[PDB]
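>
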Amino acid sequence: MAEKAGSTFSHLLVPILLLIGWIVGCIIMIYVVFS
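Next up, the structure:
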């Protein structure tokens, strides 16, 4: 979309945080589900 790195990182930053949150939640759920 934007050749600018700053903007590029910001654009991907959004989806990066969302994806990370899902991963973290999964790990936790497993901990609780386990015991």
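Every letter in the sequence shown is one number past the one before it in our numbering, and letter 19, counting from 1, is 474. Ideal placement from N, C-alpha and C gives every residue a C-beta, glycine not left out.
Grouping DSSP H, G and I as helix and E and B as strand, with all else coil, what is residue 460?
helix
> Leaving aside the five residues before and after residue 463 along the sequence, list all residues of the same chain whose C-beta is less than 7 Å from its C-beta, in chain order.
457
> State yes or no: is the beta carbon of residue 469 nearer than 8 Å to at least one beta carbon in chain B?
Absent from the structure is chain B; it holds one protein chain and no more.
> State the DSSP-derived secondary structure class of residue 465, mapped to helix, strand or coil.
Helix.
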